[PDB]
């Protein structure tokens, strides 16, 4: 237990940054890493907000799981985004232009109501429906992200079963040794310091759900791939994977 925690602390150290990993099983959360105080600190959710954006958009018939969001031909931050996408394609790619489109369809009034009804982080979306989850004012703690993931995994969020099922399917990564992994990454590259997320859950073979939220400082020039590496190795050290 002490030896498991020390090994996870050293994963963050050897990436030359500070980070926390929150684990939820049942109604119990545990924090690991080299800055445990991050667990209860508010950060912009960045692309992790896509999960709630998708729930709200599908619940209120603003979009479907099959409709294609056409690329308008304008240069995007990543060349990989420069293509026609479904919501699920955009979830996997974290293609924010698709989720900005969806946010505008929802509109500020409905988005504010739904974020408050769910109780997501500080539940403050300010005045711009297509600019609140990357540079503020919306903030959320890793503890709150892990709790949100656990509820989505169990379909106990206050949305239809149908829409929670559809958003789970968008977040599915892989089955590994009988374990099903669901995850959304985030990188708030435009706040100082920068924030990196990986929020999701494991379904273990007998059906036990282990929710997690990794939150770390995205140092200048840090490999974006390190968020997934630290998460998977940490879950392995904990005997979750």
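Residue numbers count along the first chain shown, from 1.
The mean C-alpha temperature factor is higher for 62-70 when 62-70 and 40-48 are set side by side. Taking the mean C-alpha B-factor of each stretch as recorded, 18-26 and 5-13 are not equal, and the higher mean is that of 5-13.
By the numbers in the PDB entry, the CA B factor is greatest at 75 among 104, 139, 75, 151. When the C-alpha B factors of 57, 200, 188, 205 are read from the deposited coordinates, the top value falls at 205.
Among all modelled residues in its chain, residue 194 ranks in the lowest third by Cα B-factor. In this PDB entry, residue 112 carries a Cα temperature factor that places it within the middle third of its chain's modelled residues.
Per-chain ranking of the deposited C-alpha B factor places residue 127 in the highest third. Annotation for residue 80: CA B-factor lies in the highest third of the chain's modelled residues. Ranked by C-alpha B-factor against the other modelled residues of its chain, residue 135 falls in the highest third.
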